[PDB]
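Given next, in structure tokens, is a single chain: the form deposited in one PDB entry.
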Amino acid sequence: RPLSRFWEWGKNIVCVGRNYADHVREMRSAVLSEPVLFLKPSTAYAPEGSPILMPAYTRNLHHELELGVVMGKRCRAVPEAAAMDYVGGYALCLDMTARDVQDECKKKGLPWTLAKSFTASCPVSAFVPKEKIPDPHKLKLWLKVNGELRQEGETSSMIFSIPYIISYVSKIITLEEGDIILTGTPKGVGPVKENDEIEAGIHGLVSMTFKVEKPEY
């Protein structure tokens, strides 16, 4: 029920591939191709207080800073123009990525599961109600690793609008209340190692902190 704890009860996590233009020239072109989609299991969620867990099989774990859009009602094959009506709110997420594994998956034509969909691969902020974000395309996202800025992005740089992404996703996969869509990452993706501290936020709206750990199991 309560969206303020959506990661406890939400079933599904859908993530887009590329959705940020580093330069206006990338709008002039990238729009001609649909967004790539992949899934994370509900057990990817790592709410604040829980660690980023480094999978045992990677030597190149990357952060990807992303705005997540939390669905407030069941959303099946909706038009772009109705999509915002299905949104409950937002959360800042990291699409944690085993980049070495991802390269292997791509090369061999394998699913991206071990690269993208492992336990604790979706660190997630507190929920932000949609009332606080009247325009999700006018947000500024930032991420630091051990105090150094690694990603900074404006959601005004998105290739596809959030309503378009919702619509497109909903035509392939029905979204349930409490499902989240991760809407892509600005430039600056890069690695983290054991004991690194990640701090990230949406300016004026939400702050989060995650420590990178190896599992104790």
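What we label the rigid core is the largest C-alpha set whose atoms superpose within 1.5 Å from one form to the other. Only residues modelled in both forms are compared. The first residue of the shown sequence is 1; numbering continues from there.
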Inset, instruction - Mind pulling up the entry and telling me whether 24 to 32 or 181 to 189 has the higher mean Cα temperature factor? - result: 24 to 32
Inset, instruction - On mean C-alpha B-factor from the PDB entry, just flag whether 167 to 175 or 144 to 152 is the higher one. - result: 144 to 152
Inset, instruction - Quick one: classify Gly10 as lowest, middle or highest third of the chain based on its Cα B-factor. - result: lowest
Legend entry - Position of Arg74 among the chain's modelled residues by C-alpha B-factor, lowest, middle or highest third: lowest
Legend entry - Relative C-alpha B-factor of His63, binned into the chain's lowest, middle or highest third: middle
Inset, instruction - Rank-wise, by C-alpha B-factor, drop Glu80 into the lowest, middle or highest third of its chain. - result: lowest
Inset, instruction - Taking the chain's C-alpha temperature factors as the reference, tell me which third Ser42 falls into: lowest, middle or highest. - result: lowest
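This next part talks about the form deposited in another entry, which is not shown.
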Inset, instruction - Identify which of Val189, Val31, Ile173, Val36 has its C-alpha displaced by 2 Å or more between this form and the one not shown once the rigid core is superposed. - result: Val31
Inset, instruction - Inspect the rigid-core superposition and answer whether the C-alpha of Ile198 shifts by 2 angstroms or more between this form and the one not shown. - result: no
Inset, instruction - Indicate whether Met208 shows a C-alpha shift of 2 Å or more between this form and the one not shown, with the rigid core used for the fit. - result: no
Legend entry - Exceeds or equals 2 Å, Cα of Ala21 between this form and the one not shown, core fit: yes
Legend entry - Sense of the change in Cα distance from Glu26 to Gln151 in that other deposited form - at least 3 Å versus the shown form: closer
Legend entry - Pairwise C-alpha change, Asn60 versus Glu26, in that other deposited form against this form - closer or farther, 3 angstroms or more: closer
Inset, instruction - Provide the ranges, sorted by sequence, of consecutive runs with at least 3 residues in which each Cα shifts 2 Å or more between this form and the one not shown, based on a superposition on the core. - result: 21 to 32
